[PDB]
């Protein structure tokens, strides 16, 4: 790694706070920039459908996500998305960089380690969020 390691882009923290306090977004997808020096915003969404969220997860690549998980309650959920079929290089750098983003985000209720689509299903996440 570099001397300072990966940084969190200002836009990423801004987007997170806008979601957390303003409900500006339903979810945010974060990723490493191509230089692998910063965690940036890949995409935001206001789509209320959980399926719309799942359909944006790359089947063979990694990302991080924050989801405003709503049910009947609104809980901030952090996802690490690291599918089994992603390249080893990618899995490793996303694992090594995760702490930089995760430690920068205050107010996450639940963390999900997503390695397949069963682990990130709405029902699986609801079970996690509602227990703890």
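Positions refer to the first chain, counted from 1.
Q: Taking residue 72 and residue 73 as adjacent modelled residues, how many residues of the deposited sequence between them have no coordinates (none, 1 to 3, 4 to 9, 10 or more)?
A: According to the record, 4 to 9 deposited residues lack coordinates from residue 72 to residue 73.
Q: Decide which of the stretches 17 to 25 and 118 to 126 has the higher mean C-alpha B-factor, going by the entry.
A: Mean C-alpha B-factor is greater for 17 to 25.
Q: Take the C-alpha B-factors listed in the entry for 33 to 41 and for 87 to 95, compute each mean, and give the stretch with the larger one.
A: Between 87 to 95 and 33 to 41, it is 87 to 95 that shows the higher mean C-alpha B-factor.
Q: Mind checking which third residue 105 falls in for C-alpha B-factor across the chain?
A: Highest third of the chain for residue 105's C-alpha B-factor.
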